[PDB]
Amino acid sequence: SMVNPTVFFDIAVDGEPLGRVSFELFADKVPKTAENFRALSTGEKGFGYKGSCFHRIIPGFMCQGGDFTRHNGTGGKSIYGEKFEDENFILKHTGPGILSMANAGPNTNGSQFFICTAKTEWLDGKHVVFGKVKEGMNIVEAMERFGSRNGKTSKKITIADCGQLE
């Protein structure tokens, strides 16, 4: 992209390298939400995603992660404070690879996010879509295989490293 930043996660399975997933962040249409994810990926504010876990993976639906504050699926925080408002619903959950914010209801975006592995149109208008997998969808598919119907993973899936490309 000439406009949108690219960030990457190096994914680990029980500490072992699985592969790299890169994301285009739609700063052109969802700037505040994209910028939060970019800065949490570089760690430039002094906190962010490196080391955090994909704690909930449900095959057929999504890989969810990003809780670096409570480390149990209940926490996370943004670069703007603990929470920030739903920026817009311009983009929809149109299929695999969509990157969207997890939340606890309206205007509760922090750091948790999910990567769709299918179309999840029932989330449209309730979760802010802000990016998409650029390279490494096969790694997301590999991650998805460690999930289960209740989200518990059979091995621990973590962000071993992360940062900004381009």
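Residue positions are given as counts along the sequence shown, with the first one as 1.
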{"item": "Largest Cα B-factor, entry values, listed residues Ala118, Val129, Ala34, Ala102", "value": "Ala118"}
{"item": "Top residue by Cα temperature factor, when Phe113, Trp122, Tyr49, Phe54 are compared in the entry", "value": "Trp122"}
{"item": "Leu40, C-alpha B-factor rank within chain (lowest, middle or highest third)", "value": "lowest"}
{"item": "Third of chain Cα B-factors occupied by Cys63", "value": "lowest"}
{"item": "CA B-factor ranking of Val3, expressed as a third of its chain", "value": "highest"}
{"item": "Chain-wide C-alpha B factor ranking for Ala27, given as lowest, middle or highest third", "value": "middle"}
{"item": "Where the record places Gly75 (Cα B-factor, split into thirds across the chain)", "value": "lowest"}
